[PDB]
Every structure is written in C-alpha cells, then in structure tokens.
Amino acid sequence: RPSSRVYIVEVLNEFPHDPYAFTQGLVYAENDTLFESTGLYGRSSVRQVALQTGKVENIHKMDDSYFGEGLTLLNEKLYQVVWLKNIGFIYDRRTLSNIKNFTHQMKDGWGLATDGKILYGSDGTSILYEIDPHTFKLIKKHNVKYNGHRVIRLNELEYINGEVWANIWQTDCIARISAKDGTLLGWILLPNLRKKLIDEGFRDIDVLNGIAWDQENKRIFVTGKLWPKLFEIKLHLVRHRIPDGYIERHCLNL
Ligand SMILES: *[C@@H]1O[C@H](CO)[C@@H](O)[C@H](O)[C@H]1NC(C)=O
Ligand SMILES: *[C@@H]1O[C@H](CO)[C@@H](O)[C@H](O)[C@H]1NC(C)=O
Ligand SMILES: [Ca+2]
C-alpha cells in the first residue's frame, strides 16, 4: 500500500462552542480548560473556556481597533497575534490580564504554536516561522511546499509530537508540517465536519479553524469560525486511492 500520508477524521465527541466566536486561536491547557482567541472588530477577545460546555469562564475583550488572531500558551503566558500588524500581546493565564506586548518580524499575524521552548508563527504566507520568545527575533524560516507548490494560507497552528499542524484558510484541510525542517509530512482532510453542521441546519457558519492538542490524554480538538460545535477527532490513514491532483485542488486551491 502507499505511504499516502493523507488522513480522514472520525468524530469521537461533540461539545458546544459559542456560535458567535470567530475563532482564530485555540489552545488546550489542562483539566478540560481551553483558551481561545476570537477575531472581528469590536468582538476580538482571549477567553478561558470549559471544554464540556463551551462556557466562557473568563474573557479579555480587545480594543475595537484590533482583529484578534492566533494564540498559544508557553510557560503560563498566552501569546496572541493580530491581523495586519507586527504587534502581539501577552496575557498571564492565571488572570487573563495583559501583562506585556511584543513585536515580531512576520508579514502578518495569523497563527501561533509552541514546542514548549520557542514560538512558531504563521502569517498566511507559505512560511512557518520560528520565533525566539525572549528577543522576538526570527530563529528560522521554513518554506512549506507540497509537490513543488508553496503551501500558502497557513493559519491556526498547533504543535503535536514534533509536528506543527496548520489549518489552511478557506479549506477543510490541515497540513502536518515537520517542526524540524518544514517538510510537508501529511494532509488531514476534514470536509465532513463543516458538511455535518450545514446538514444540521447551521447555515451561517464560516470556515474550519482552530486546533488544540491535549498531550496528557492524547485528544485532538478542532472547531471553526462561528461553529456551534467543537469536535474531538481521531485520524485514520486513507484506505482508498486519492485522485491525481486532489490535494492541489482542495487544499491548495489550484
Ligand atoms: C487540574 O486538576 C488537578 C487534579 O484534579 C488539580 O489538582 C489541578 O489544580 C488542576 N489544574 C489547574 C486548575 O490548573
Ligand atoms: C499593549 O499595547 C496596547 C496598544 O498600544 C496597550 O493598550 C497596552 O497597554 C499594552 N500592554 C502593556 C502591558 O503594555
Ligand atoms: Ca492551536
């Protein structure tokens, strides 16, 4: 059989998610506690959320001038980027208060993740950035490619076992990227999740976005912008032939 490196997803559990939350960042902390960053001018926020209920336990509303983007948690601090700017915000997770700001050298601010030592960033280009959390200088730039094509639109990120997984904006795909060298290690296809919500009558929903990993219990959670549900998912390696050019069409929008 092929080393397909393409996965489909099974829903293990469904949980409520705020259908007014324009998800741009998603983090799993501990004890069924999530952190989330939302966008939209006048609606951007960082939130502590209970997994089981989707209840917002604590919220920090941003100034109306910002469009909140990616979010990650590193050593008790939540780091957040914002659309079109090089500024980012740091919140203490104990209080959800803004303790510090920073500036990074990306070309935009879309996604953040961490391996527990440094920050990874995306900005909608095909570059996955390594960012030093002390100096906020770039450590390295990985140019992510698939079959020679640039993988642009890298969006919400999550570090999982040596990989950085990235939503690709406006697709139902997640790229699995090597944190070591930027290699495209695999593609996850999730179109069944949005389709299921549309079929349940939730017609006003926006795109798949937001990935969070619970390392302790080995749970993967995903949601989407304005989605009324957040899903716990299990990956399954494909056991069928992927048509020529399928990933290029559906995940790279070529
Ligand atoms: C998570 O739950 C454990 C065990 O129930 C508890 O001791 C710990 O304080 C919790 N972690 C938090 C709230 O950060
Ligand atoms: C971060 O910068 C924003 C925008 O200028 C400002 O409102 C806030 O006070 C800053 N936070 C800190 C901790 O300096
Ligand atoms: Ca994430």
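Every heavy atom of this structure was used, including side-chain atoms; hydrogens, water molecules and symmetry mates were not. Residue numbers start at 1 and run along the sequence shown. Just follow the structure's listing: the first ligand is 1, and inside any ligand the first atom is 1.
- Under a cut-off of 6.0 angstrom, the local environment of CG in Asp92 is crowded, with over 12 non-hydrogen atoms contributed by other residues, nucleotides or ligands.
- At the top of the distance list for atom 14 (O) of ligand 2, counting protein heavy atoms only, stands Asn101 ND2, 3.6 Å.
- Using a 4.0 Å cut-off between charged side-chain N and carboxylate O, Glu14 and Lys229 make a salt bridge.
- Counting heavy atoms from C-beta on, the side chains of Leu254 and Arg249 never come closer than 4.5 Å.
- Nearest to atom 10 (C) of ligand 1 among the protein's heavy atoms is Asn31 ND2, 2.3 Å.
- With respect to atom 9 (O) of ligand 2, the closest heavy atom belonging to the protein is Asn98 OD1, 4.5 Å.
- Proximity of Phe102 to ligand 2, defined as any heavy-atom pair under 4.0 Å, is not found for any part of the residue.
- The residues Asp132 and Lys140 are annotated as not salt-bridged, no charged nitrogen and carboxylate oxygen being separated by less than 4.0 angstrom.
- Counting just the N/O/S atoms of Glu158, the one with the shortest distance to the Ca ion (ligand 3) is named OE1.
- Applying the 4.0 Å criterion to heavy atoms of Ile99 picks out, from ligand 2, the atoms 13 (C).
- Ligand 2 lies out of reach of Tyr91, whose nearest heavy atom is not under 4.0 Å from it.
- With a heavy-atom cut-off of 4.0 Å, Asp63 does not touch ligand 2 at all.
- Counting protein heavy atoms under 4.0 angstrom from atom 4 (C) of ligand 1 gives zero.
- Under 4.0 Å is where a charged nitrogen must lie from a carboxylate oxygen, and between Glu130 and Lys137 no such pair does.
- A cation-pi contact, defined as under 6.0 Å to the ring centre and within 45° of the axis, is absent between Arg241 and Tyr246.
- None of the N, O or S atoms belonging to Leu71 lies under 3.0 Å away from the Ca ion (ligand 3).
- Aromatic pair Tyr79/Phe89: ring centres not closer than 6.0 Å.
- Every atom of ligand 2 is numbered from 1 in the order shown, and the set under 4.0 Å from a heavy atom of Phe89 is 1 (C), 2 (O), 3 (C).
- With ring centers used as reference points, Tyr146 lies under 6.0 Å from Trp187.
- The existence of a salt bridge linking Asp199 and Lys195 is confirmed by a sub-4.0 Å separation between a basic side-chain nitrogen and an acidic carboxylate oxygen.
- A salt bridge is defined here as a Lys NZ or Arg NE, NH1 or NH2 lying under 4.0 Å from an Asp or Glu carboxylate O, and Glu36 with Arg47 fails to meet this definition.
- Distances from the Ca ion (ligand 3) show that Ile211 has an N/O/S atom below 3.0 Å.
- Near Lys100, meaning under 4.0 Å from any of its heavy atoms, are these atoms of ligand 2: 13 (C).
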After noting the C-alpha distance and the side-chain angles of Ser126 and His142, does the key distance pass the side chain to side chain donor-acceptor pair (under 3.5 Å) rule?
CA-CA 8 Å; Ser126 66; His142 302 283; over 6 Å; no

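- Ligand-side atoms of ligand 2 in range of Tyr66: 4 (C), range being under 4.0 angstrom from any heavy atom.
- Around the Ca ion (ligand 3), the two atoms O of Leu26 and OE2 of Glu156 are separated by an angle of 80°, to 10 degrees.
- Proximity to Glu30 (heavy-atom distance under 4.0 Å) selects the following atoms of ligand 1: 11 (N), 12 (C), 14 (O).
- Within the coordination shell of the Ca ion (ligand 3), defined by N, O or S atoms under 3.0 Å, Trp213 is absent.
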